[PDB]
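Written below as structure tokens is the structure these notes are about.
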């Protein structure tokens, strides 16, 4: 039973490699989204003000 | 047509000083030159937030914070905390 349990560490590291990489990668790639948020807000304000 | 021409120039001259000529406004006493061009020009700004939205204040995006360059304490603490929970899987 211990053998069967340890059989599952055989390839966990290979997948969790890309998992841990892309986790932080995607979490920090929202910087461009944050920079786009202010531009989108400015555009929304401009459209609203000219609608006014 | 007398029924036509006289009403036509009457409907032309009454707003003539109003719109065509710069004779303020004769049909009603209150002035219109300093009211809609001038007082009501800020009307959209009066109803809205004046000097706050019409200027479209642009706030520079705050710099996104991170682990604040902690390559020792954070990693060791994470490893120790995972070790605490690994004994009770």
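Chains as they are written, first to last, in the deposited numbering: chain Z, 105 to 156; chain 6, 4 to 92. The C-beta atom is built at its ideal place from N, Cα and C for all residues, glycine as well.
1) Where does the unbroken alpha helix (DSSP H) through residue 142 (chain Z) begin, and where does it stop?
2) So, is the C-beta of residue 67 (chain 6) closer than 8 Å to a C-beta in chain Z?
3) Give the secondary structure of residue 75 (chain 6) by DSSP, where H, G and I count as helix, E and B as strand, and everything else as coil.
4) Can residue 138 (chain Z) and residue 64 (chain 6) be called in contact, C-beta distance under 8 Å?
5) Compile a chain-ordered list of the residues in the segment 42-63 of chain 6 whose CB is closer than 9 Å to at least one CB of chain Z.
6) Taking DSSP as the reference, what is the three-state secondary structure of residue 30 (chain 6)?
7) Starting from the beta carbon of residue 158 (chain Z), find every residue of chain 6 whose beta carbon is closer than 8 Å, and list them in chain order.
8) Quick one: list the residues of chain 6 neighbouring residue 156 (chain Z), beta-carbon separation under 9 Å, in chain order.
For this structure:
1) Run containing residue 142 (chain Z): 135-155, per the alpha helix (DSSP H) assignment.
2) Interface residue, yes.
3) Note: residue 75 (chain 6) maps to coil in three-state DSSP.
4) The answer is yes: Cβ separation under 8 Å.
5) Within the segment 42-63 of chain 6, the qualifying residues are 47, 48, 50, 51, 56, 57, 59, 60, 61, 62 and 63.
6) Looking at residue 30 (chain 6) - three-state DSSP - the assignment turns out to be coil, as it is neither helix nor strand.
7) Examination of residue 158 (chain Z) is not possible in this model, given that chain Z is present from 105 through 156 alone.
8) What residue 156 (chain Z) touches in chain 6: 47, 48, 50, 51, 56 and 57.
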